[PDB]
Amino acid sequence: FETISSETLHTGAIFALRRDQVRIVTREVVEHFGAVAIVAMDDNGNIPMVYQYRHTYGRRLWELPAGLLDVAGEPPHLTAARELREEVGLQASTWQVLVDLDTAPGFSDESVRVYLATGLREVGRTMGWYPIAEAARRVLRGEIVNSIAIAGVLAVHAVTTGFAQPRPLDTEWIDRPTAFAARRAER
């Protein structure tokens, strides 16, 4: 395949719409910052989840703490750690890579890195705590549909059941977005 020509159709707050001419057909791409989410598992196998309104669906969805990689030059896990604190007031001693997911492969370059945070300390001074198994059943029951949450919950469930292991922070993030950030549309 080959990109013949590409044209910017729109630049917004968190993404830009671009149209390319490929190998020869049209291919519209939503350039995204990319994001990070966190599965913060405590000493008893519970993780915190937030109930957030999503205008796209016109309703609140249960999700993992998460934020966009909108801070230029900021390392992903630093962004992640920041969100875990701001989102659920937790700090973690151990940070590992749990699962990366390409959210909308058909039309956007967004990719999300989900970290597994352990060794939690409540710091600072809607969300709910769920036993990992309870969370896994909510997924398989349709009560958790956010794609990042689904991946993170079922991944940590596979880990907690001894089926798989978390990974090193230096694990390559193959599809981490760069296009939108490269635009630097900020005065």
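Note that residue numbering begins at 1 and tracks the sequence as displayed.
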property	result
Missing residues, deposited sequence, between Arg23 and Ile24 (class: none, 1 to 3, 4 to 9, 10 or more)	4 to 9
Comparing 77-85 with 98-106, the one whose average Cα B-factor in the PDB entry is higher	77-85
Higher-B stretch (mean Cα B-factor, as the entry records it), 169-177 or 5-13	5-13
Highest-ranked of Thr56, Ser147, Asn44, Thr118 once sorted by CA temperature factor in the record	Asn44
Selection by C-alpha B-factor (highest) of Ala66, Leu61, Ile132, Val123	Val123
Chain-wide C-alpha B factor ranking for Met127, given as lowest, middle or highest third	highest
CA B-factor ranking of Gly142, expressed as a third of its chain	lowest
Third of chain Cα B-factors occupied by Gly34	middle
